[PDB]
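First comes one chain, alone, set out as structure tokens in the form deposited in one PDB entry.
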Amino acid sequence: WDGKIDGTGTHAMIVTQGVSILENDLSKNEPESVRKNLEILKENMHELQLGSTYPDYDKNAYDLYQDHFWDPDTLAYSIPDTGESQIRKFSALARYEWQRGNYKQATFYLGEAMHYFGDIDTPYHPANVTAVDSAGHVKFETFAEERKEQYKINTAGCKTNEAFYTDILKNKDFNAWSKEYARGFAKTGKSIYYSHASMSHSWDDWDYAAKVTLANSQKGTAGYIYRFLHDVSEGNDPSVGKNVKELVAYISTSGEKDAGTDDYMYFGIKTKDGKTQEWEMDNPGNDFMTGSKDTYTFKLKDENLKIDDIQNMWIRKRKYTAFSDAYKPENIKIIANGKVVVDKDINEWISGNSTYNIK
């Protein structure tokens, strides 16, 4: 969907409507903690809206925004991101910041998660039809943006004590829940591309396509916010006693001169049993740029590990030329199974072929 960096436009309409939908649908028996956190969320409507548009303006964005796409049908290196994995990453960060009362930052992250959900609920994104593949990509989003006011909805159809919402709370595994919830909306979106929204179809078809995918984006966003309010009100932990199949690193590089690096970068772990795994951190684009925030996903060789089995974690640099760079990370977070399990301020130089321990 379109958005503008000042937190306006289609993306902003979707999250704003998301909150309003939820206010309308919330049943009488909702816990008081949930209503209070909803009030905190509304105190932070600006950041919700800003985060819902920011990813399109992020200087660190991938060149073709590859991670804003996801097809719902289709261990020595890091794994790339998709619209679906970003929803999960930003949701964990949001829950993490919420638990410590950092509500402005939490709500921004929440908004970012919702940017990615909103995208996978377009027709073009879950169909993988880019602006390069089709003139209709931009045309359709502009058509929707111009008409966004007429596609606003103010209820999901049902109160929060009813099926659509209670089904959202049934699965305490947030990540598994989110993936299949998003999957359902993205299949309807991809279906709408082929049935109504592509350049093969008519203006009436586009109108119907916008009506349905915008309604779905708003209803689905309401559901995510609902899940979020329950999660942070109960301190729900979605990772509890689950095998760590993979780790996600979220690394903020300092904005200081020459803080970034082009040297080889590795993330690594050592278990209680003395076993190690190391991966190179190397995303498609230009990693570890001064002031950027990079995301890496690492798949574990051993699929039967609990988080507490991971005793040590480090990052390690290796000079690419005869002149060792220096790299200065501001902070690194490590996420396992939907929970931030390490939040390490660094703010110090890693000079040549040095290792820095993050746990």
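Take the two forms, superpose them, and find the largest set of C-alpha atoms that agree within 1.5 Å; that set is the rigid core. Numbering starts at 1 and follows the sequence shown.
Mind giving me a quick count class for deposited residues absent from the model between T74 and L75? Options are none, 1 to 3, 4 to 9, 10 or more.
10 or more residues are missing.
Which has the higher mean CA temperature factor in the PDB entry, 269-277 or 177-185?
Mean C-alpha B-factor is greater for 269-277.
Residue stretch of maximal mean CA temperature factor, 10-18 vs 332-340:
Per the PDB entry, the higher value belongs to 332-340.
Which one of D237, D119, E112, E145 shows the biggest C-alpha B-factor in the PDB entry?
So the option with the highest C-alpha B-factor is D237.
Just grab whichever of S52, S324, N37, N44 has the top CA B-factor as deposited.
Among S52, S324, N37, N44, the highest C-alpha B-factor in the entry belongs to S324.
Chain-wide C-alpha B factor ranking for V248, given as lowest, middle or highest third
According to the entry, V248 has a C-alpha B-factor in the chain's lowest third.
Give the position of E97 by CA B-factor within its chain, expressed as the lowest, middle or highest third.
Lowest third - that is where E97 ends up once the chain's C-alpha B-factors are sorted.
Mind checking which third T82 falls in for C-alpha B-factor across the chain?
Highest third - that is where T82 ends up once the chain's C-alpha B-factors are sorted.
Taking the entry's C-alpha B-factors for this chain, is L26 in the lowest, middle or highest third?
Middle third, going by the recorded CA B-factors of the chain.
How does the C-alpha B factor of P126 compare with the rest of the chain: lowest, middle or highest third?
Tercile = middle for this residue's CA B-factor.
One more form of this protein should be noted, the form deposited in another entry, which is absent from this view; the next part is about it.
Tell me, with the core superposed, which single residue in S195, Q105, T271, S134 has its C-alpha moved by at least 2 Å between this form and the one not shown.
Among the listed residues, the one whose C-alpha moves by 2 Å or more is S134.
Would you tell me if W314 moves between this form and the one not shown by 2 Å or more at its C-alpha, with the rigid core held superposed?
Comparing forms between this form and the one not shown, the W314 CA shifts below 2 Å.
Taking the rigid core as the superposition reference, indicate whether the CA of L64 shifts 2 angstroms or more between this form and the one not shown.
Yes, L64 moves 2 Å or more.
After superposition on the rigid core, does the Cα atom of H115 shift by at least 2 Å between this form and the one not shown?
No: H115 shifts by under 2 Å between this form and the one not shown.
Do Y264 and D63 have their C-alpha atoms closer or farther apart in the other entry than here, with the shift being 3 angstroms or more?
Distance between the C-alphas of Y264 and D63: shorter in the other entry, by 3 Å or more.
Please check whether, in the other entry, the CA atoms of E112 and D133 lie closer or farther apart than here, given a change of 3 Å or more.
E112 and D133 sit closer together in the other entry.
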